[PDB]
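Below, each chain spelled out in residue letters.
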Amino acid sequence: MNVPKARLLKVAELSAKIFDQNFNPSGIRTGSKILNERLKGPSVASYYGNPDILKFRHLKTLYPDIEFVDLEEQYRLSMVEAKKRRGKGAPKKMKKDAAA
Amino acid sequence: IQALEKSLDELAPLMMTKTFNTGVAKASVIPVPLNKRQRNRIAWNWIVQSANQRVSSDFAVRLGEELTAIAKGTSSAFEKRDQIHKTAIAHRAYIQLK
Amino acid sequence: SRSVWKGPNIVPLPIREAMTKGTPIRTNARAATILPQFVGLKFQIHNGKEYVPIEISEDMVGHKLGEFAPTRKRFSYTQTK
Amino acid sequence: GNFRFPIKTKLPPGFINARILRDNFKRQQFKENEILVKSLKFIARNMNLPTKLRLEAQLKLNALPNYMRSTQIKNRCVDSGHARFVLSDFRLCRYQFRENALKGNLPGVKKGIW
Amino acid sequence: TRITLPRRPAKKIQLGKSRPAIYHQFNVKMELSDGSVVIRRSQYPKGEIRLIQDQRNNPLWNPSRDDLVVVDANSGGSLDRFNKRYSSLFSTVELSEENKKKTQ
Amino acid sequence: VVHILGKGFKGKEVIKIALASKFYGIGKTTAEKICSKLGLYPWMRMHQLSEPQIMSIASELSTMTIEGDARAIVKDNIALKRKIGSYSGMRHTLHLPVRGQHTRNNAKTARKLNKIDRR
RNA sequence: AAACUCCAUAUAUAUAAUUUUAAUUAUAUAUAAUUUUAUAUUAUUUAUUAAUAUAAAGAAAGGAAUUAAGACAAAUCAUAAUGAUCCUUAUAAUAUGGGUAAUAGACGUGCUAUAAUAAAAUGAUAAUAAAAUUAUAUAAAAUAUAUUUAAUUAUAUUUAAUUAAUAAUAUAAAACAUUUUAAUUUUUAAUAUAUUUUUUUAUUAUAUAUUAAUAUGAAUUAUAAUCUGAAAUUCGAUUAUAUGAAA
Ligand SMILES: [Mg+2]
Ligand SMILES: [Mg+2]
Ligand SMILES: [Mg+2]
Ligand SMILES: [Mg+2]
Ligand SMILES: [Mg+2]
Ligand SMILES: [Mg+2]
Ligand SMILES: [Mg+2]
Ligand SMILES: [Mg+2]
Ligand SMILES: [Mg+2]
Ligand SMILES: [Mg+2]
Ligand SMILES: [Mg+2]
Ligand SMILES: [Mg+2]
Ligand SMILES: [Mg+2]
Ligand SMILES: [Mg+2]
Ligand SMILES: [Mg+2]
Ligand SMILES: [Mg+2]
Ligand SMILES: [Mg+2]
Ligand SMILES: [Mg+2]
């Protein structure tokens, strides 16, 4: 009726050898799909951006002549000093030498 | 098709009465003329309800039997037409040309 | 149901003291299977806040340690009417 | 011992919060320890190898810390840190996507009229 | 609230006509775990029976014996399936692999 | 009415469907069986059976764990879940879902079905 | 507010050497309508007037975006940012587990039923779509088992081709022929009929015995087993035999 199953299997073996493909008549769980999978690690890790982006700190080491200053940090410092003067603040953190 | 048209024209009421509770008790109903679509619907509902009272498991067979009966004048909704027409004849007085 | 061909779920837990001595095995590994080797050993399985003691029977084999340490206790409606 | 993670890593260049730091650490450590998990999984689920090798591979695979699990990487809003309704196309949460689209930041997005 | 079946008028068993009660019993053979057999009187219509778990295979009654296999009912419940389901692992390799945990 | 293993049947019925309908352990495939083994043609009406055929069906069904016995298997398994002190055991005892179903809004079923001694 | 605008409409023009073919297509530009007239009738600020009648000419008929000022101290300090405060060996950081999932009566919004104007099985020169996705993928054919010729559905084995008007996801499905389909003695057998033959008419059986409890429904359970994951116990989806409740 159909081609002999042995003939089909032989053709499969020959083609697999030629094209560098795994051959498995029995159908056992070889777990080759566990290995033949792409490494997504680089893309997953490069998700929140480049950590080496230039930051305001480096503008002193680069172009030391220009006297930059950041409104955000000045606002933070002003708020801290205002809290101190108004009487509020942050309690002194006890150093590591305390407690057992 | 001619038999069906005649059956619809003979079984569909010519008048009908709607509620007008804006006036006085009993809704002060006035008979109101109907169009061909409305008359056909009133006839068809009766035809279908009379055909569903038959035995055949197939709606086509039941409906054909009922239409044959109406064609030979053995319908069971002629009395419904008659009651509606008599009610219109009774309420003729309430008619008020708006 | 975990596929059989994968093999039973086994986690590193101390058994050598459990057999040589009578020391019970206190653990939070609720997802581990009860292998035939644990029968007769005393376990203390974490339920969320306290460790429940259980002795392993020959019938428990194949189940999970967490099936005998209920995490939530029964509901009781206080009608007060 | 003043760092919240076993291995020191850099800081994301933009919006930073504690959950973003956790997720970033998990991402990076998975990147450096993704080969080990794949190899160990193949060894531990391969029938042809000895059962002792399979057992030891499975035990070590289980003993691996959490910060090298592919299952614990979650997508977060790179502009807000919010981890609900995050579009992968822009790595932005729903509201940040809306405001950036209306503001013109996104490269080619526009309001939908059709 | 109690349920009881009614008492019928007891038939009078006269003085001297009261016979003893000899229920029907069979000389049944009872096989223990070992090859030993005991003849006994039983009212069940079963002349032959064998036991799987009994005195002859109990540690408490058999202290001197070195080896003593235990067994339970068969073809009932999910017994022994925890072993039948896993064929890759089979019996000393596991004993060696259970050497130590190295945890502290 | 015809009788097989003391169950009243109807002559209009088909054996292949009626066996599954009115036996605890019979269904599609196991009812195609029995019929196939005894040679009854696929759509016999059970009013066409001879007495030898009736007793052959009776014997074949008696050669299976069909009714009562299967109920015993299920009851024994539930009883074992209770005996071993399993979560599923107390769900069965308390008449609550045992396959991880939310109980907050609707568990109307298994309140009247789950129990230690199930049908 | 209307227009302007986007998706749609028609026409043209331009690109494609029609083997990225869908030229019956794709998308760049322009035109068109927020439609014109002609006689009719009521009318009426008289004709310069509308509402209709509808000969005519036109392809021409939709959709969504846009929802002002003021307010309801409406919701949002849990998208993020913030003033005052309030925690600083905690109210700030990590991991193992357990919470969010519990269940007496309530209440929303949905899914699936309760049969014959309606639900299953088959339809290989494979009846007929649109819009999307695929480098943090995709899975054609083929071969194995559940299950025996197949096929169909579930899993594995290999992975072809394509980072894509080309491969793939993917032979849309309902319709439409056919078979069946309990309540239904409205049926099925046995013989006889004969010009209804896939069929009807006889005489017998199909009668615990005509107004609801299946060959509808698939909730609830038992047991194999399989996906994904380090890992489904508390808690994930799957086929298989059994279970077959309420309606
Ligand atoms: Mg901040
Ligand atoms: Mg995730
Ligand atoms: Mg049944
Ligand atoms: Mg506008
Ligand atoms: Mg407004
Ligand atoms: Mg509020
Ligand atoms: Mg905040
Ligand atoms: Mg919730
Ligand atoms: Mg809603
Ligand atoms: Mg139906
Ligand atoms: Mg259905
Ligand atoms: Mg088709
Ligand atoms: Mg298309
Ligand atoms: Mg295929
Ligand atoms: Mg169909
Ligand atoms: Mg059904
Ligand atoms: Mg279901
Ligand atoms: Mg369900």
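Residues numbered from 1 in each chain as written, not as in the entry; some residues may be left out. Chains lettered and ligands numbered in written order. Part of a larger assembly, values for the part shown. Heavy atoms only, no water. Residues with missing side-chain atoms left out of burial classes, pairs and counts.

Peer 1: Quick rundown of the overall build of chain E? Include the residues and the values.
Peer 2: Secondary structure summary: chain E contains 2 helices and 3 strands in total. Mapped in sequence order, the helices and strands of chain E form the string β-β-β-α-α. Over its C-alpha trace chain E gives a radius of gyration of 27 Å, far above what one expects of a compact globule, namely 13 Å for 104 residues. (Helix = DSSP H or I, 4+ residues; strand = E, 2+ residues; numbered from the N terminus. Rg over C-alpha atoms; globule rule 2.2 N^0.38 Å.)

Peer 1: Go over the overall build of chain F, please, and point to the residues and values.
Peer 2: Scanning chain F for helices and strands turns up 6 helices and 0 strands. Relative to the compact-globule value of 14 Å for 119 residues, chain F shows a C-alpha radius of gyration of 19 Å, a clear excess of over 25%. Principal-axis analysis of the C-alpha atoms gives chain F an extent of 55 × 30 × 20 Å. Carbon and sulfur atoms form 55% of the exposed surface of chain F, whose accessible area is close to 7,800 Å². The positive charge centre, built from 23 side chains, and the negative charge centre, built from 8, are 13 Å apart in chain F. (Areas by Shrake-Rupley, 256 points an atom, 1.4 Å probe, with all protein chains shown as cover. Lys, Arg positive; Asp, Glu negative; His and termini not counted. Charge placed at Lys NZ, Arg CZ, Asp CG, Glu CD.)

Peer 1: Could you give an account of the protein's contact with RNA strand G, with specific residues and numbers?
Peer 2: Surrounding RNA strand G, one finds 114 residues, the nearest of these being A:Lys93, C:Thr71, D:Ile113, F:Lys10 and F:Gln101. Take the atoms of RNA strand G that sit within 4 Å of the protein: sugar and phosphate atoms are 72% of them. F:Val1 is positioned with one of its backbone polar atoms (N or O) 3.1 Å from a phosphate oxygen of RNA strand G. Here the surface near RNA strand G gets 4 residues from one element, more than from any other, and that element is helix α4 (residues 69–83) of chain F. Tallied by class, the residues present in the surface near RNA strand G amount to 35 nonpolar, 42 polar and 37 charged. (Near = heavy atom within 4 Å. Polar contact = N/O pair within 3.5 Å; in protein donor to acceptor, adjacent residues only side chain to side chain. Nonpolar A, V, L, I, M, F, W, Y, C, P; charged D, E, K, R; others polar.)

Peer 1: Talk me through the interface of chain D and chain A; I want residue IDs and the actual numbers.
Peer 2: With 26 residues of chain D in contact, the opposing surface of chain A contributes 21 residues. The contact between chain D and chain A buries some 2,000 Å² in all, and 65% of this surface belongs to carbon and sulfur atoms. The largest share of the area that chain D buries against chain A comes from D:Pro13, D:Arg27 and D:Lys38, three residues that together contribute 29% of it. Our count for the chain D to chain A interface comes out at 1 salt bridge. The salt bridge involving D:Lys10 is made with A:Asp52; its shortest N-O contact spans 2.6 Å. Only α1 (18–32) and α2 (34–45) of chain D provide two or more residues apiece to the side of chain D that touches chain A. The leading source of residues in the side of chain D that touches chain A is α1(D), at 7 residues. Tallied by class, the residues present in the side of chain D that touches chain A amount to 11 nonpolar, 5 polar and 10 charged. (Contact = heavy atoms within 4.5 Å. Buried area = accessible area lost by both parts, 1.4 Å probe. Salt bridge = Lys/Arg side-chain N within 4 Å of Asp/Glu carboxyl O.)

Peer 1: With reference to specific residues and values, describe the packing of α2(D) against helix α3 (residues 51–63) of chain D.
Peer 2: When two helices pack together, their arrangement is captured by the angle between the axes and the distance separating the axes. Residues and elements named next belong to chain D. Close contact between α2 and α3 brings their axes to 7 Å; oriented N to C, the two are set at 140°. In this view, α2 runs oblique relative to α3, as classed from their interaxial angle. Classified by chirality, the crossing of α3 by α2 is left-handed. Counted together, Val 37, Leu 40, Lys 41, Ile 43, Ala 44 and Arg 45 of α2 and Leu 53, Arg 54, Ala 57, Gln 58 and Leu 61 of α3 form the full contact between these two elements. (Axes fitted to C-alpha atoms, helices over the stretch in contact; angles between N-to-C directions. Parallel < 35°, antiparallel > 145°, perpendicular 65-115°, else oblique. Left-handed = near helix turned anticlockwise from the far one by under 90°.)

Peer 1: Lay out the sheet that holds strand β2 (residues 37–42) of chain E in plain terms, naming residues and giving numbers.
Peer 2: All names here are of chain E. One open sheet holds the 3 strands; their spatial order is β2-β1-β3, and the pairing between them is mixed. Each edge of the open sheet carries a strand with a single partner, namely β2 and β3 (48–50). Between one strand axis and the next, the sheet turns by 30° as a mean value, whatever way the strands run. (Pairing = 2+ DSSP bridges.)

Peer 1: Which residues make up the arrangement of the chains, and what are the values?
Peer 2: By contact count, the leading pair among the 7 pairs of chains in contact is chains A and D. In this view chain D stays clear of chain F, with the nearest C-alpha atoms of the two still 23 Å from each other.

Peer 1: Tell me what's going on with the environment of C:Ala69, and back it up with residues and numbers.
Peer 2: Residue and element names in this part refer to chain C. Looking at the element boundaries, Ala 69 is found in the segment after β3 (51–55). Overall, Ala 69 belongs to the buried group, its relative accessible area being 0%. The sequence separation of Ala 69 and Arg 30 amounts to 39 residues, and the corresponding C-alpha distance is 8.6 Å. Each residue touching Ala 69, except ones within four places of it in the same chain, is listed here: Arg 30, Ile 45, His 46, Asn 47 and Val 52. (Buried < 20%, exposed > 50% of the residue type's maximum accessible area, 1.4 Å probe, protein only.)

Peer 1: Requested: an account of the packing of aromatic side chains, with residues and values cited.
Peer 2: Evaluation of the coordinates by the stated rule reveals 8 aromatic pairs over all chains. Measuring from centroid to centroid gives 6.0 Å for D:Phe3 and D:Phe5, while their planes differ by 75°, and the two rings are edge-to-face. Between D:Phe5 and D:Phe25, the aromatic rings sit 4.6 Å apart at their centres with planes inclined by 10°, giving stacked as the arrangement. Of the two residues, D:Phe5 sits in the segment before α1 while D:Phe25 sits in helix α1, which places them 20 residues apart along the sequence. Across the pair, D:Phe25 and D:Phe5 agree in class, each one buried. Among the aromatic residues, ring-to-ring pairing joins D:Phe3, D:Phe5, D:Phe25 and D:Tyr67 into one connected group. In this structure, F:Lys16 packs its charged tip against the face of F:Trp43, placed 3.7 Å from the ring centre. Taking the ring centre of F:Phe9 as reference, the NZ or CZ of F:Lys22 above it sits at 3.2 Å. (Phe/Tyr/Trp six-rings, centres within 6.5 Å; stacked < 30°, edge-to-face > 60°. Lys NZ or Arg CZ within 6 Å of the ring centre and 35° of its normal.)

Peer 1: Outline the sheet that holds β3(C), listing residues and values.
Peer 2: Sheets are built from strands paired through backbone hydrogen bonds, the pairs being either parallel or antiparallel. Residue and element names in this part refer to chain C. Taken together, the 3 strands give an open sheet; going across it, the order is β1-β2-β3, and neighbouring strands pair in mixed fashion. Edge strands, defined here as strands with exactly one partner in the open sheet, are β1 (25–27) and β3. On average, each strand axis in the sheet is inclined to that of its neighbour by 20°, with strand direction left out of account. Direction of pairing for β1 relative to strand β2 (residues 42–46): parallel, over a ladder of 3 bridges. Among the inter-strand pairings, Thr 27 is bridged to a residue of β2, identified as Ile 45.

Peer 1: Could you give me a rundown of a nonpolar patch on the surface, with the residues and numbers involved?
Peer 2: Residue and element names in this part refer to chain A. Side chains of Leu 62, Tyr 63, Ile 66 and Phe 68 sit close together on the surface and give an oily, nonpolar patch of about 410 Å² of accessible area. Within the secondary structure, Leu 62 sits in the loop between α4 (58–61) and α5 (71–86). Classification of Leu 62 as partly exposed rests on a relative accessible area of 46%. (Patch = residues over 30% accessible without salt bridge, like charges linked within 9 Å, V, L, I, M, F, W, Y side chains within 5 Å.)

Peer 1: So what's going on with the pairing of β2(C)? Which residues, and what values?
Peer 2: All names here are of chain C. For β2, a buried count of 4 out of 5 residues is recorded, marking the element as mostly surrounded by other parts of the structure. Pairing of β2 with β3, which is carried by 5 bridges, proceeds in the antiparallel orientation. Within the sheet, the bridge partner assigned to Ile 45 lies in β3 and is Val 52. Between β2 and β3, which pair antiparallel and follow one another directly, the connecting turn spans 4 residues, one of which, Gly 48, has a positive phi of 130°.

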